Amino acid sequence: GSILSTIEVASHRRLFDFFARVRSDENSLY
Amino acid sequence: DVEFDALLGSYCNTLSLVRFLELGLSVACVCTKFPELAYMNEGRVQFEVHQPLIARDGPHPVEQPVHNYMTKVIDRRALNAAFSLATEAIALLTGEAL
Amino acid sequence: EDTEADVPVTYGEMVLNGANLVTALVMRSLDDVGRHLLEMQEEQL
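Protein chains in written order, with the entry's author numbering: chain A, 21 to 50; chain B, 51 to 148; chain C, 296 to 322, 327 to 344.
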């Protein structure tokens, strides 16, 4: 009767920054 | 004595429904539908703007393409409309009594 | 230049892009946790 919950990995990446220079606002989440 | 009748020539129009779409202001605002809003604590609008570029000749001193991440904060507001009923009409709309 | 213009009617809508992945089960191999996710993803499409 055990309950299994999938682990959640939270991470954010900015792959395009490597392709090009960027100057994103600090508050906003890219 | 009194006798009533209704002319068919015209009709008085009690207050006329005005859609907001039909007006001029509708231009200035793209309006979408939150199925829910108030449940949100805070929210933002995220969008990108490149910076345009102009090619030049000569030994290239400087430039590189540029993005931007612009995010702006929603402002919650609300509209309130009062409405009232006495009990005189509630029975009618309700149904049978005990 | 003109009098009668055209105006859009239907409001714009929204779509859910991305969410926390949260599920459960009552113990059926151990991979069904995985398979049930794709299930619960296939819904939103």
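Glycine included, C-beta positions come from ideal geometry on N, C-alpha and C.
Residue-level contact check: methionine 322 of chain C does not touch chain B, since none of the beta carbons of chain B fall below 8 Å from its beta carbon.
As the crow flies, the alpha-carbon of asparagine 47 of chain A is around 10 Å from that of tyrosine 119 of chain B.
Here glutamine 114 of chain B carries a coil assignment [DSSP, helix/strand/coil].
Checking the DSSP bridge columns, you'll see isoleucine 27 of chain A has no partner listed. Between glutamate 28 of chain A and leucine 316 of chain C a beta carbon distance of about 6 Å is seen, short of the 8 Å cut, so the two are scored as contacting.
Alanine 136 of chain B and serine 66 of chain B have their C-alpha atoms some 26 Å from each other.
As computed with DSSP, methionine 120 of chain B is found in a beta bridge with B/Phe97. In this structure, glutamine 101 of chain B sits away from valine 80 of chain B, with a CB-CB distance that is not shorter than 8 Å.
For the pair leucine 73 of chain B and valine 304 of chain C, the CB atoms are not nearer than the 8 Å cut-off. Proximity to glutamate 308 of chain C across B/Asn63, B/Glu86, B/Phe54 and B/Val77 peaks at B/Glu86, based on C-alpha coordinates.
For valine 304 of chain C, the chain B residues whose Cβ falls inside 7 Å of its Cβ are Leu71, in order along the chain.
In the three-state DSSP reduction, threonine 144 of chain B falls in the helix class (H, G or I). Assignment of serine 76 of chain B by DSSP, reduced to helix, strand and coil, places it in the helix class. C/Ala314 is the residue among C/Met322, C/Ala314 and C/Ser328 whose C-alpha sits nearest the C-alpha of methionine 339 of chain C. Of all residues in the segment 108-136 of chain B, the ones placed with a Cβ closer than 8 Å to any Cβ belonging to chain A are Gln114, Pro115, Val116, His117, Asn118, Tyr119, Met120 and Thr121, in chain order.
Between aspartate 45 of chain A and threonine 121 of chain B, the gap from beta carbon to beta carbon is short of 8 Å.
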